[PDB]
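[1] so I've got this experimental structure, pasted below with the sequence.
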Amino acid sequence: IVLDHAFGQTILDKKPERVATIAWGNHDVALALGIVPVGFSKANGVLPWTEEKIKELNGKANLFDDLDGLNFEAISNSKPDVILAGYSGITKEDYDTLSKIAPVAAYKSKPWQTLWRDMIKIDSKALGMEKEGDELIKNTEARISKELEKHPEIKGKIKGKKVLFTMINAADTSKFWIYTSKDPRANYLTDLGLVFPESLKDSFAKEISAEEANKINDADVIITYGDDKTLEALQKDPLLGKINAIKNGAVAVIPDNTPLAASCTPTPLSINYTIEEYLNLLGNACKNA
């Protein structure tokens, strides 16, 4: 197997008997394909849906201690035939260091800029299951499509609505992050029927000033990580409270440090697990748009 990526070409094992994954989501792609990794990146350490699939494949979860950074000794100790990194933020040196252990399936373009469909495409190809990658993508799309046609009143409230995904901190509202269309969590919203406003363009996210906030003023609905005081807080903000979607209360707050929060960057396993919960949260927010 030949694989082209941001760092060149990778000769991969057609039948990898031992699979390691790093970064976010990559393990879910392997797992959704019936492969239990010999080790995958510990999450901030396993999400409910990742555990559910591991159990269903009669496996156990082996975790790399990837919090402070890549654990090169851990990945090496698991003895992989392939390292899945289709969605990751690896640097040129990361790729080189990792390549001394096993062939690496890196992202195609730039760090942290891989849509959930491409993540499957790269990770499945690196496992010698490119055709099965097609089916996984199709099955995942079917799950999304049948959820929206299943609840036409939620579909009706959210379709056509312009949306921005943000990271806002109540501690500091002078600066906040906007996720771009190259970000998997933002682009996922377009799979749901939402659209991007005219003020979005590259990177996966960009810092913006609250003065530049009137550029985000053409969004119908806003999504951000937060808590039960987030919306009330943003409405109280001298500048951010003047924004359309915030003023209207059309803000979808994803509870920070919950499984729902992690699923925002979608995998076929996470989508299958949290889409009802995610649509319900979006549905109510878009009611205020």
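    Everything's here; your move. Numbering: from 1, shown residues only.

[2] longest helix in the protein, please.
    helix 130-150 (DSSP state H).

[3] how far away is the residue of the chain most remote from its centre from residue 210?
    Here the chain reaches farthest from its C-alpha mean at residue 238, the gap being 31.5 Å by Cα atoms, centre = their mean. When distance is defined by Cβ to Cβ, to the nearest Å, residue 238 is 9 Å away from residue 210. Every C-beta, even on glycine, is put in place using the N, C-alpha and C of the backbone.

[4] and the helices in the stretch 1-150 of the chain?
    Secondary structure of the stretch 1-150 of the chain (DSSP state H, counting those that start in this stretch): helices at 26-32, 48-56, 72-77, 92-99, 116-125, 130-150.

[5] nearest to residue 4, of these?
    Counting by Cβ to Cβ, residue 4 lies closest to helix 116-125 out of the helices of the stretch 1-150 of the chain; the figure is 9.8 Å.

[6] show me what that closest one is packed against.
    Contacts defined by 3 or more Cβ pairs under 8 Å, 6 or more residues apart in numbering; DSSP states H and E place helix 116-125 against strand 2-5, helix 26-32, strand 104-105, helix 130-150, helix 184-191, helix 268-285.

[7] next SSE downstream of the fifth one?
    This points to helix 184-191. Next helix or strand after helix 184-191 toward the C-terminus (DSSP states H and E): strand 205-209.

[8] which residues are in contact with the closest residue to residue 203 other than its chain neighbours?
    Excluding the flanking residues, the one nearest residue 203 by Cβ to Cβ, 6 or more residues apart in numbering is residue 180, at 6.1 Å. Residues in contact with residue 180 (Cβ atoms under 8 Å, 6 or more residues apart in numbering) are 186, 200-206.

[9] nearest to residue 153 among the residues you listed?
    Closest to residue 153, out of all of the contacts of residue 180 and judged by Cβ to Cβ, is residue 186, at 24.4 Å.

[10] surely that closest one is in contact with residue 165?
    Yes. The criterion here is Cβ atoms under 8 Å, and residue 186 meets it with residue 165 at 4.5 Å.

[11] which residues do these two both contact?
    Going by Cβ under 8 Å, 6+ apart, residues that sit against residue 186 and also against residue 165 are residue 179.

[12] isn't residue 165 up against residue 223?
    Yes. Counting by Cβ under 8 Å, residue 165 touches residue 223, with 4.9 Å between them.

[13] okay, and the common contacts of those two?
    Joint contacts of residue 165 and residue 223 (Cβ under 8 Å, 6+ apart) are 189, 264.
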